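*Asks:* I am attaching a structure below and will ask some questions about it afterwards.
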Amino acid sequence: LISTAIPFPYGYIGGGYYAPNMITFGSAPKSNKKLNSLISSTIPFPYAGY
Amino acid sequence: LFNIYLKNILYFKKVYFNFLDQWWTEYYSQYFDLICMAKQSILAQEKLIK
Amino acid sequence: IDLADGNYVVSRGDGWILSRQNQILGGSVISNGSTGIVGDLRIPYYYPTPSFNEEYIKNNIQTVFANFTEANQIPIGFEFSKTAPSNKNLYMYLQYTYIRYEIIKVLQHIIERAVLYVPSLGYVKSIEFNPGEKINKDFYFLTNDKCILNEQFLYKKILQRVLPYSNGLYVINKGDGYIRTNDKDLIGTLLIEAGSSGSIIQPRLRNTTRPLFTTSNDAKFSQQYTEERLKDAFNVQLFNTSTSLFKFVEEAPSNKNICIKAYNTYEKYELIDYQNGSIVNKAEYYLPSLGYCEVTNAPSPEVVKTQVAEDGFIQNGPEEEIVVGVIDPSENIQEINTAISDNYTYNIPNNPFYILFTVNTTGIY
Amino acid sequence: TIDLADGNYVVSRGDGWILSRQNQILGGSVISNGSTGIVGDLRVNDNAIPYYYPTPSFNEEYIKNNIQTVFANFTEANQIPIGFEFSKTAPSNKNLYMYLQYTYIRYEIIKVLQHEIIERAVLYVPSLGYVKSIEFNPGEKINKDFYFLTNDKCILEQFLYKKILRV
Amino acid sequence: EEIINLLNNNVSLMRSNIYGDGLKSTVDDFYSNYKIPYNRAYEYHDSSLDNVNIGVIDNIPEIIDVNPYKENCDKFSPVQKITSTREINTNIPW
């Protein structure tokens, strides 16, 4: 119980414990017909920011 | 009226517990002090005999 | 140098690669057709001189150029995608490009210099190699700090139309794309080699944005007051524009390199109080909107020392002007619960006020 | 049946192992004509829990320690989130259904007596994913083997063994 | 805390020491100024650590990446106190 009873963490830098923002990284290279500009990976920007 | 009766009985028991705590704090403390002094006297006499 | 005697503060642009710092973050190897995308998602280096200490440099830089202490609070990002050839190995490594701020003491015609490095963006150097191939140390090591991007020497010496509007408050949307002078809003420049693509991203943050506010007086036109007036006029809430994001992505041709300069922009709102044809009070509110992108080519190889421009704003978006009247909050509103069909009479229960009403038929009244 | 000396052996059978009866428990995506579907995941915390199938004389601690000492260490590597994704573009006038699985790494601790295996424990490390896609018409019958998997198999086949002891 | 002097007939025959508890001393009677509540705690006419699982706690991965909070400590001011000592002279032995 002592080990697992961490003090309650604060919220994000703006306040709150809900979902964080999002950021898209790594646009795929342009193909012969498609721009592929929106083919990327979405990741939570402030991951584990409590 | 039955609920009021039960509440008043519980209040009476609370007052009784308060008086019990008063006895423990003010009266039993002096008897414990007497016990400690008597133990010290017994130990002192045992040391002298030894 | 061709300058008068005194002290000067100079920005030499961003895109400065520090010496001995080439393979510090790491690199990537891609074999065949793979696309390697090495980027970043997020501390100034001081080099003082007996005459110019740390506080002197910091204060002068904040006074003239972009506030790096506040700019370190906002995040940045870049991608630097690169594709491998058909049958050959590709190795690309990433380093940081900084902004070189000098503080010079010019006597006669430079007897002192202090340098401040502020981390701006990234730079990726790539080479195509085969196993057991020798590569010259010039590609891996940098003996002296040098600039790869544009060379600038922005220096500063240290020392009407009629408006037929009625009386009342007005809110005017003045357009989009207001950047600040002296590259104060420049989020950075990225150099992309031929056959590669690169992007600059602005992640944003929850409830973390910096609108600009300048009011005639703080008694009647405060930040809270003008925010409420903007909310009434255009439903402008600033809890918005913080979950959004913008990314500028561009690929380069196979025969030349490119440079992408990305700035943060603002939308301008002027809250005015028109009385008898005169602007009694005026406030300006700049809401950070979505940035601005510029694409340039590397100039051929001399540069001139140019003075900094006057502190102000530059509009990069289209010409715009929208005027919207608003209800004065200091004047009460009386509602007519029923409609008006043909004839109606209203009794006043001495200050000016508003009466809200609607008619039951379309016509002249 | 194996050709090895008697004793205990730590074996890695590579990654890309898809388990049985749990193919589309994560769900799938239906993409109409023209559009692109990107199905991905981010192995960080709960899907990054290894599966132990131990035997007598091979407890969890024994197999775990042996596999960390010989092969890659997963207890510390699973704390770091690694993302993967697939992208599939549907045809111009057709519908495409794609579903995602989990590909693991098959680790074994075998006991060879004579020239035959008499005991074997298994440890599955969640490695990455795998998207299986088909192009379908409304009312078209799809082979039952496309969705369901009766027995485990590797979609990539190795057997790496280690005996437990100039001027 | 107290020095008991057994005075004889004004020569100290014996000097004894009585020590203190070391807790905070109050001269106001707590019981006379305490009111037993009526509408509060008017209900209800060895087993507390049961919701703790050793295995579940042991299965939690250790915290590797820590996001700091800027102000997590305040200060340390040691408590310095001076002990008073009264002297009581008595003729009847204690």
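All residue names refer to the structure tokens as shown: chains lettered A, B, ... in order, residues numbered from 1 in each chain, ligands numbered from 1 in order.
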Within 9 Å of residue 157 in chain D, counting only C-alpha atoms, which residues show up once you throw out same-chain ones fewer than 3 positions away? Write them as a PDB file with C-alpha atoms, in the first residue's frame, please.
*Replies:*
ATOM      1  CA  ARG D  13      10.843 -19.338 -33.441  1.00  0.00           C
ATOM      2  CA  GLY D  14      10.819 -15.763 -34.719  1.00  0.00           C
ATOM      3  CA  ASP D  15       8.075 -13.181 -34.602  1.00  0.00           C
ATOM      4  CA  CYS D 154       3.861 -18.023 -38.468  1.00  0.00           C
TER       5      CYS D 154
END
*Asks:* Using backbone DSSP assignments, extract all helix (DSSP H, G or I) residues from range 116-282 of chain C; output them as a list in words.
*Replies:*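 After running DSSP on the backbone, range 116-282 of chain C has helix (DSSP H, G or I) at residues 223, 224, 225, 226, 227, 228, 229, 230, 231, 232, 233 and 234 of chain C.
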*Asks:* Write the residues of the preceding selection, restricted to N, CA and C atoms, as a PDB file, in the first residue's frame.
*Replies:*
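Full text of out39.pdb as output:
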ATOM      1  N   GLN C 223      -9.312  43.602 -21.370  1.00  0.00           N
ATOM      2  CA  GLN C 223      -9.227  42.345 -22.105  1.00  0.00           C
ATOM      3  C   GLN C 223     -10.506  41.535 -21.952  1.00  0.00           C
ATOM      4  N   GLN C 224     -11.048  41.476 -20.735  1.00  0.00           N
ATOM      5  CA  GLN C 224     -12.285  40.740 -20.508  1.00  0.00           C
ATOM      6  C   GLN C 224     -13.433  41.393 -21.275  1.00  0.00           C
ATOM      7  N   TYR C 225     -13.496  42.727 -21.248  1.00  0.00           N
ATOM      8  CA  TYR C 225     -14.556  43.449 -21.943  1.00  0.00           C
ATOM      9  C   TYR C 225     -14.499  43.214 -23.448  1.00  0.00           C
ATOM     10  N   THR C 226     -13.313  43.362 -24.044  1.00  0.00           N
ATOM     11  CA  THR C 226     -13.207  43.178 -25.487  1.00  0.00           C
ATOM     12  C   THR C 226     -13.412  41.721 -25.876  1.00  0.00           C
ATOM     13  N   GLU C 227     -13.033  40.781 -25.008  1.00  0.00           N
ATOM     14  CA  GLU C 227     -13.317  39.377 -25.278  1.00  0.00           C
ATOM     15  C   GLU C 227     -14.817  39.117 -25.293  1.00  0.00           C
ATOM     16  N   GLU C 228     -15.547  39.705 -24.342  1.00  0.00           N
ATOM     17  CA  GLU C 228     -17.002  39.568 -24.343  1.00  0.00           C
ATOM     18  C   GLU C 228     -17.617  40.198 -25.585  1.00  0.00           C
ATOM     19  N   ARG C 229     -17.114  41.361 -25.996  1.00  0.00           N
ATOM     20  CA  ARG C 229     -17.662  42.011 -27.183  1.00  0.00           C
ATOM     21  C   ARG C 229     -17.392  41.192 -28.438  1.00  0.00           C
ATOM     22  N   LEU C 230     -16.201  40.601 -28.541  1.00  0.00           N
ATOM     23  CA  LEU C 230     -15.908  39.725 -29.670  1.00  0.00           C
ATOM     24  C   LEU C 230     -16.791  38.487 -29.646  1.00  0.00           C
ATOM     25  N   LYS C 231     -17.056  37.945 -28.456  1.00  0.00           N
ATOM     26  CA  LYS C 231     -17.963  36.807 -28.348  1.00  0.00           C
ATOM     27  C   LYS C 231     -19.368  37.181 -28.802  1.00  0.00           C
ATOM     28  N   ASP C 232     -19.826  38.379 -28.442  1.00  0.00           N
ATOM     29  CA  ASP C 232     -21.147  38.823 -28.871  1.00  0.00           C
ATOM     30  C   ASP C 232     -21.201  39.038 -30.379  1.00  0.00           C
ATOM     31  N   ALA C 233     -20.142  39.607 -30.955  1.00  0.00           N
ATOM     32  CA  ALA C 233     -20.159  39.956 -32.371  1.00  0.00           C
ATOM     33  C   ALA C 233     -19.971  38.731 -33.260  1.00  0.00           C
ATOM     34  N   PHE C 234     -18.875  38.000 -33.067  1.00  0.00           N
ATOM     35  CA  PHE C 234     -18.503  36.914 -33.959  1.00  0.00           C
ATOM     36  C   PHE C 234     -18.499  35.543 -33.298  1.00  0.00           C
TER      37      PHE C 234
END
*Asks:* From a backbone DSSP assignment, name each residue in chain A labelled strand (DSSP E), as a PyMOL selection string.
*Replies:* chain A and resi 22-25+41-44
*Asks:* Could you write out that same residue set with N, CA, C and O atoms as a PDB file, in the first residue's frame?
*Replies:*
ATOM      1  N   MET A  22      -3.856  16.133 -30.051  1.00  0.00           N
ATOM      2  CA  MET A  22      -3.445  15.153 -31.044  1.00  0.00           C
ATOM      3  C   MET A  22      -2.459  15.821 -31.991  1.00  0.00           C
ATOM      4  O   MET A  22      -2.491  17.038 -32.190  1.00  0.00           O
ATOM      5  N   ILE A  23      -1.571  15.019 -32.578  1.00  0.00           N
ATOM      6  CA  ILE A  23      -0.623  15.529 -33.561  1.00  0.00           C
ATOM      7  C   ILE A  23      -0.381  14.456 -34.611  1.00  0.00           C
ATOM      8  O   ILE A  23      -0.276  13.268 -34.303  1.00  0.00           O
ATOM      9  N   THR A  24      -0.296  14.887 -35.865  1.00  0.00           N
ATOM     10  CA  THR A  24      -0.072  13.994 -36.993  1.00  0.00           C
ATOM     11  C   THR A  24       1.372  14.122 -37.454  1.00  0.00           C
ATOM     12  O   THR A  24       1.860  15.234 -37.678  1.00  0.00           O
ATOM     13  N   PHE A  25       2.049  12.986 -37.592  1.00  0.00           N
ATOM     14  CA  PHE A  25       3.452  12.951 -37.971  1.00  0.00           C
ATOM     15  C   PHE A  25       3.663  11.928 -39.076  1.00  0.00           C
ATOM     16  O   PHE A  25       2.960  10.918 -39.155  1.00  0.00           O
ATOM     17  N   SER A  41       0.530   9.325 -39.254  1.00  0.00           N
ATOM     18  CA  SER A  41       0.202   8.643 -38.012  1.00  0.00           C
ATOM     19  C   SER A  41      -0.187   9.678 -36.968  1.00  0.00           C
ATOM     20  O   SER A  41       0.523  10.667 -36.774  1.00  0.00           O
ATOM     21  N   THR A  42      -1.317   9.451 -36.305  1.00  0.00           N
ATOM     22  CA  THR A  42      -1.819  10.358 -35.282  1.00  0.00           C
ATOM     23  C   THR A  42      -1.403   9.833 -33.916  1.00  0.00           C
ATOM     24  O   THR A  42      -1.593   8.650 -33.615  1.00  0.00           O
ATOM     25  N   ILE A  43      -0.817  10.705 -33.104  1.00  0.00           N
ATOM     26  CA  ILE A  43      -0.330  10.327 -31.782  1.00  0.00           C
ATOM     27  C   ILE A  43      -0.754  11.388 -30.774  1.00  0.00           C
ATOM     28  O   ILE A  43      -0.874  12.570 -31.129  1.00  0.00           O
ATOM     29  N   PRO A  44      -0.991  11.020 -29.515  1.00  0.00           N
ATOM     30  CA  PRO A  44      -1.311  12.033 -28.503  1.00  0.00           C
ATOM     31  C   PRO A  44      -0.099  12.915 -28.250  1.00  0.00           C
ATOM     32  O   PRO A  44       0.993  12.419 -27.972  1.00  0.00           O
TER      33      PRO A  44
END
*Asks:* Would you write out, as CSV, a table of all residues in chain B that have an atom no more than 8 Å from an atom of chain E, listing for each the closest atom pair and the distance in Å to one decimal, considering only C-alpha atoms and ordering rows by chain and rising residue number?
*Replies:*
residue,atom,partner,partner_atom,distance
B:7,CA,E:42,CA,6.6
B:10,CA,E:45,CA,6.8
B:11,CA,E:38,CA,6.7
B:14,CA,E:36,CA,7.6
B:15,CA,E:36,CA,7.4
B:22,CA,E:31,CA,7.8
*Asks:* Convert the current residue selection to file output with N, CA, C and O atoms, as a short mmCIF file (atom, residue, chain, number, x, y, z; two decimals), in the first residue's frame.
*Replies:*
data_model
loop_
_atom_site.label_atom_id
_atom_site.label_comp_id
_atom_site.auth_asym_id
_atom_site.auth_seq_id
_atom_site.Cartn_x
_atom_site.Cartn_y
_atom_site.Cartn_z
N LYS B 7 -32.70 8.11 18.97
CA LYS B 7 -31.67 9.13 18.89
C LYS B 7 -31.26 9.62 20.27
O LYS B 7 -30.07 9.81 20.55
N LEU B 10 -29.11 6.99 21.99
CA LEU B 10 -27.75 7.02 21.46
C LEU B 10 -26.98 8.23 21.99
O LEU B 10 -25.78 8.13 22.28
N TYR B 11 -27.66 9.37 22.13
CA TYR B 11 -27.01 10.54 22.71
C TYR B 11 -26.60 10.29 24.15
O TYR B 11 -25.52 10.72 24.59
N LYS B 14 -23.54 8.34 24.13
CA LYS B 14 -22.42 9.20 23.78
C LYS B 14 -21.92 9.98 25.00
O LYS B 14 -20.71 10.11 25.21
N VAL B 15 -22.84 10.50 25.80
CA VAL B 15 -22.44 11.22 27.01
C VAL B 15 -21.74 10.28 27.98
O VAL B 15 -20.75 10.65 28.64
N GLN B 22 -13.31 10.88 30.19
CA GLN B 22 -12.88 11.78 31.27
C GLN B 22 -12.23 11.00 32.40
O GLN B 22 -11.19 11.40 32.93
#
*Asks:* Do me a favour and pick out the residues of chain D within 12 Å of chain A, using only C-alpha atoms, as a list in words.
*Replies:*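 So the contacting residues turn out to be residues 34, 35, 36, 37, 38, 39, 40, 41, 42, 44, 80, 81, 82, 83, 84, 85, 86, 87, 88 and 89 of chain D.
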*Asks:* Take CA of residue 38 in chain C and CA of residue 126 in chain D and report the distance between them in Å, one decimal.
*Replies:*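 Those two atoms sit 25.1 Å apart.
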*Asks:* Give me, as a count of residues only, the contact residues of chain E against chain D at a cut-off of 12 Å, counting only C-alpha atoms.
*Replies:* 7
*Asks:* Dump as a short mmCIF file (atom, residue, chain, number, x, y, z; two decimals) with C-alpha atoms, in the first residue's frame the residues of chain E that approach chain A to within 9 Å, counting only C-alpha atoms.
*Replies:*
data_model
loop_
_atom_site.label_atom_id
_atom_site.label_comp_id
_atom_site.auth_asym_id
_atom_site.auth_seq_id
_atom_site.Cartn_x
_atom_site.Cartn_y
_atom_site.Cartn_z
CA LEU E 49 -6.08 -4.12 4.77
CA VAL E 52 -4.81 -4.68 -1.08
CA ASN E 53 -3.45 -7.33 -3.45
CA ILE E 54 0.26 -8.12 -3.21
CA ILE E 57 0.84 -4.29 -6.84
CA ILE E 60 2.63 -2.80 -11.84
CA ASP E 65 9.52 8.57 -17.02
CA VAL E 66 8.51 11.23 -14.48
CA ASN E 67 6.86 14.48 -15.53
CA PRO E 68 7.94 16.98 -12.84
CA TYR E 69 5.73 19.48 -11.08
#
*Asks:* Leaving out residue 148 in chain C and any residue of its chain fewer than 3 positions from it, which residues lie within 10 Å of it when counting only C-alpha atoms, given as a ChimeraX atom specification?
*Replies:* /C:14-17,97,123,145,151,191,298
*Asks:* How many Å lie between CA of residue 172 in chain C and CA of residue 268 in chain C, rounded to one decimal?
*Replies:*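 Interatomic distance, CA of residue 172 in chain C to CA of residue 268 in chain C: 8.2 Å.
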*Asks:* Provide as an mmCIF file with N, CA, C and O atoms, in the first residue's frame the residues of chain A at most 10 Å from chain C, counting only C-alpha atoms.
*Replies:*
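The result, written out as out_25.cif:
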data_model
loop_
_atom_site.group_PDB
_atom_site.id
_atom_site.type_symbol
_atom_site.label_atom_id
_atom_site.label_comp_id
_atom_site.auth_asym_id
_atom_site.auth_seq_id
_atom_site.Cartn_x
_atom_site.Cartn_y
_atom_site.Cartn_z
ATOM 1 N N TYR A 12 -3.182 18.473 -16.764
ATOM 2 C CA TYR A 12 -2.324 18.984 -17.818
ATOM 3 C C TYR A 12 -1.929 20.426 -17.514
ATOM 4 O O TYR A 12 -2.418 21.049 -16.569
ATOM 5 N N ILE A 13 -1.021 20.961 -18.335
ATOM 6 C CA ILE A 13 -0.534 22.318 -18.120
ATOM 7 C C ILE A 13 -1.660 23.335 -18.209
ATOM 8 O O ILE A 13 -1.555 24.424 -17.636
ATOM 9 N N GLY A 14 -2.739 23.009 -18.914
ATOM 10 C CA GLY A 14 -3.909 23.851 -18.990
ATOM 11 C C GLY A 14 -5.036 23.470 -18.059
ATOM 12 O O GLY A 14 -6.035 24.193 -17.993
ATOM 13 N N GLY A 15 -4.914 22.359 -17.339
ATOM 14 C CA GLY A 15 -5.940 21.945 -16.403
ATOM 15 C C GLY A 15 -6.843 20.853 -16.938
ATOM 16 O O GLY A 15 -7.349 20.950 -18.059
ATOM 17 N N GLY A 16 -7.052 19.807 -16.144
ATOM 18 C CA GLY A 16 -7.938 18.730 -16.538
ATOM 19 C C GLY A 16 -7.255 17.381 -16.609
ATOM 20 O O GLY A 16 -6.037 17.302 -16.782
ATOM 21 N N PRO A 20 -5.915 14.251 -24.017
ATOM 22 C CA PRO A 20 -5.027 15.329 -24.466
ATOM 23 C C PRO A 20 -5.255 15.703 -25.921
ATOM 24 O O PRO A 20 -6.199 15.220 -26.552
ATOM 25 N N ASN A 21 -4.399 16.564 -26.462
ATOM 26 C CA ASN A 21 -4.491 16.963 -27.860
ATOM 27 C C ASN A 21 -3.974 15.841 -28.759
ATOM 28 O O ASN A 21 -3.683 14.729 -28.312
ATOM 29 N N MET A 22 -3.856 16.133 -30.051
ATOM 30 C CA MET A 22 -3.445 15.153 -31.044
ATOM 31 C C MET A 22 -2.459 15.821 -31.991
ATOM 32 O O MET A 22 -2.491 17.038 -32.190
ATOM 33 N N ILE A 23 -1.571 15.019 -32.578
ATOM 34 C CA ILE A 23 -0.623 15.529 -33.561
ATOM 35 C C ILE A 23 -0.381 14.456 -34.611
ATOM 36 O O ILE A 23 -0.276 13.268 -34.303
ATOM 37 N N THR A 24 -0.296 14.887 -35.865
ATOM 38 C CA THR A 24 -0.072 13.994 -36.993
ATOM 39 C C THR A 24 1.372 14.122 -37.454
ATOM 40 O O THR A 24 1.860 15.234 -37.678
ATOM 41 N N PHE A 25 2.049 12.986 -37.592
ATOM 42 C CA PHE A 25 3.452 12.951 -37.971
ATOM 43 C C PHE A 25 3.663 11.928 -39.076
ATOM 44 O O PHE A 25 2.960 10.918 -39.155
ATOM 45 N N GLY A 26 4.645 12.202 -39.932
ATOM 46 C CA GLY A 26 5.090 11.229 -40.908
ATOM 47 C C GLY A 26 4.204 11.088 -42.126
ATOM 48 O O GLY A 26 3.615 10.027 -42.349
ATOM 49 N N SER A 27 4.097 12.150 -42.920
ATOM 50 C CA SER A 27 3.332 12.075 -44.157
ATOM 51 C C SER A 27 3.993 11.109 -45.131
ATOM 52 O O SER A 27 5.215 11.126 -45.312
ATOM 53 N N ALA A 28 3.182 10.262 -45.755
ATOM 54 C CA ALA A 28 3.700 9.297 -46.707
ATOM 55 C C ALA A 28 4.197 10.007 -47.967
ATOM 56 O O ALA A 28 3.711 11.089 -48.309
ATOM 57 N N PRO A 29 5.170 9.427 -48.666
ATOM 58 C CA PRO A 29 5.675 10.064 -49.886
ATOM 59 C C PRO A 29 4.614 10.115 -50.973
ATOM 60 O O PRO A 29 3.736 9.253 -51.060
ATOM 61 N N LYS A 30 4.706 11.150 -51.805
ATOM 62 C CA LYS A 30 3.749 11.331 -52.887
ATOM 63 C C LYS A 30 3.835 10.177 -53.877
ATOM 64 O O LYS A 30 4.926 9.774 -54.290
ATOM 65 N N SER A 37 -0.758 13.289 -48.790
ATOM 66 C CA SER A 37 -0.352 14.247 -47.772
ATOM 67 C C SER A 37 -0.988 13.951 -46.421
ATOM 68 O O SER A 37 -0.404 14.274 -45.382
ATOM 69 N N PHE A 45 -0.297 14.234 -28.354
ATOM 70 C CA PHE A 45 0.854 15.135 -28.275
ATOM 71 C C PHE A 45 1.447 15.167 -26.872
ATOM 72 O O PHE A 45 2.623 14.794 -26.709
ATOM 73 N N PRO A 46 0.719 15.585 -25.819
ATOM 74 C CA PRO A 46 1.335 15.505 -24.482
ATOM 75 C C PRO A 46 1.038 14.171 -23.806
ATOM 76 O O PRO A 46 0.237 14.065 -22.870
#
*Asks:* What's around residue 116 in chain C at 12 Å? Count only C-alpha atoms, leave out sequence neighbours fewer than 6 positions away in its own chain, and write the answer as a ChimeraX atom specification.
*Replies:* /C:9-14,16,18,43-49,52-62,68,98-104
*Asks:* Which residues are near residue 89 in chain E? Cut-off 8 Å, only C-alpha atoms, ignore same chain within fewer than 5 positions. Put them as a PDB file with C-alpha atoms, in the first residue's frame.
*Replies:*
ATOM      1  CA  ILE E   4      10.624  19.251  44.342  1.00  0.00           C
ATOM      2  CA  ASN E   5      12.543  20.597  47.349  1.00  0.00           C
ATOM      3  CA  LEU E   6      11.758  18.843  50.644  1.00  0.00           C
ATOM      4  CA  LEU E   7      12.483  21.653  53.086  1.00  0.00           C
TER       5      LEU E   7
END
*Asks:* Just want the 8 Å neighbourhood of residue 156 in chain C, counted on only C-alpha atoms, with same-chain residues fewer than 2 positions away dropped. Output as a list in words.
*Replies:* residues 8, 9, 10, 64, 154, 158, 307 and 308 of chain C
*Asks:* Take the residues just selected and output them with N, CA and C atoms as a compact mmCIF listing (two decimals), in the first residue's frame.
*Replies:*
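Saved to again.txt:
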# COMPACT_ATOMS: atom_id res chain seq x y z
N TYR C 8 25.82 47.37 -31.17
CA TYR C 8 24.77 46.89 -32.04
C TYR C 8 24.36 45.48 -31.63
N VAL C 9 23.09 45.17 -31.84
CA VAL C 9 22.56 43.82 -31.66
C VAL C 9 22.12 43.32 -33.03
N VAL C 10 22.61 42.14 -33.41
CA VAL C 10 22.46 41.62 -34.76
C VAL C 10 21.86 40.23 -34.69
N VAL C 64 14.52 43.60 -28.80
CA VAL C 64 14.48 43.79 -30.25
C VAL C 64 13.82 42.62 -30.95
N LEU C 154 20.50 41.43 -39.81
CA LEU C 154 19.54 42.39 -39.26
C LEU C 154 20.10 43.02 -37.99
N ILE C 158 22.02 49.77 -30.14
CA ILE C 158 21.52 49.84 -28.77
C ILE C 158 21.78 51.24 -28.22
N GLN C 307 19.16 47.24 -41.52
CA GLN C 307 18.60 47.60 -40.23
C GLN C 307 17.24 46.93 -40.04
N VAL C 308 16.88 46.74 -38.77
CA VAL C 308 15.58 46.14 -38.46
C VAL C 308 14.46 47.11 -38.82
